[PDB]
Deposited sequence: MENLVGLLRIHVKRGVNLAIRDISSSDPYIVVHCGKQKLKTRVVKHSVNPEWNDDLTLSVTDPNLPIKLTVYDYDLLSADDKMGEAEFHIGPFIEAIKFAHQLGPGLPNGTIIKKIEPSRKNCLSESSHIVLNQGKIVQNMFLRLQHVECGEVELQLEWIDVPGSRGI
């Protein structure tokens, strides 16, 4: 158990779902938690700069992220989804805690490579007072779009 802070920074080249634009927001859901960002109107490169805080019980179940086009009068169209795992992040955190302040500032603790078994668009760095994981996610099931976020815990 712990508290995962997801800083949702921005979307890049998101899909159009309302002809001229989209009104994108993100839903994160982990088991049964569902948290949402604010809506950015008429944008496919939204700068959400929005923080979500997730309560982790089970560090091994994936965290799902979905982008939607907000529309007041109909169900919101999906604009891509991605999953990520926070196992490696939680382990990098345990380590840094057990080493103490002897671990130098700016140290990259772990590099995670994009593969066919994840949604990274580039190598994800776990970096050190705070351990942080920088993620650039390739959205699945959509013709374009990426989301950039940074993870914190706890």
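Going by the record, the unmodelled stretches of the deposited sequence, in order, are 1 to 4, 133 to 134, 161 to 168.
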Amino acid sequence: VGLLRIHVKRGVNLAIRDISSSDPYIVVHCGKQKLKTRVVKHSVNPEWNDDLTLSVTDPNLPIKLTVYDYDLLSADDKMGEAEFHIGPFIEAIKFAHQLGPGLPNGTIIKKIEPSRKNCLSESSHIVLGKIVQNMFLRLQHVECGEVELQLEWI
From here on, numbers count along this sequence of modelled residues.
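Checked against the record, the higher mean CA B factor of 41 to 49 and 23 to 31 lies with 23 to 31. Comparing 101 to 109 with 59 to 67, the stretch with the higher mean C-alpha B-factor in the PDB entry is 101 to 109. Per the deposited record, the Cα B-factor of residue 1 falls in the highest third when ranked against the other modelled residues of its chain.
Among all modelled residues in its chain, residue 151 ranks in the middle third by Cα B-factor. In the PDB entry, a CA B factor belonging to the highest third of its chain's modelled residues is recorded for residue 131.
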